[PDB]
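Worksheet for the structure shown next.
Positions of Cβ are backbone-derived with ideal geometry, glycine not excepted, and every protein chain shown enters the neighbour counts. Read the figures in this text as sums done on the coordinates, not as results from a lab.
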2 protein chains.
Amino acid sequence: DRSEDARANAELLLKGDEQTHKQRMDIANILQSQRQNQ
Amino acid sequence: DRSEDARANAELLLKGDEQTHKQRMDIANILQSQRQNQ
């Protein structure tokens, strides 16, 4: 049970960080798009 | 149990390092984008 919950929370936290850094990645795409736009 | 926990912690640590180096990889994308921007 406790080893399982360790694994689960680890992977879930991992994909949460994937969503955060991917989201800020998209933000970076919009910023770079704006900076060479002009 | 103990061999299983070895495997699990190994894979989870591995994918965590994948998230770290991928994250700094994205940082590197932003940096290279900035250095040839000008």
task = Mind listing whichever residues of the range B:2-21 are surrounded by 12 or more Cβ atoms within 10 Å (Cβ to Cβ) and out of contact with any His (no Cβ under 8 Å at 6 or more places or on another chain)?
result = B:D5, B:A8, B:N9, B:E11, B:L12, B:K15, B:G16, B:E18
ask   = Pairs under 9 Å by beta carbon, first residue at the interface with chain A (Cβ under 8 Å from one of its Cβ atoms) in the range B:11-38, partner basic (K, R), six or more apart or different chains?
value = B:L12/A:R7; B:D26/A:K22; B:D26/A:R24; B:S33/A:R35; B:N37/A:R35
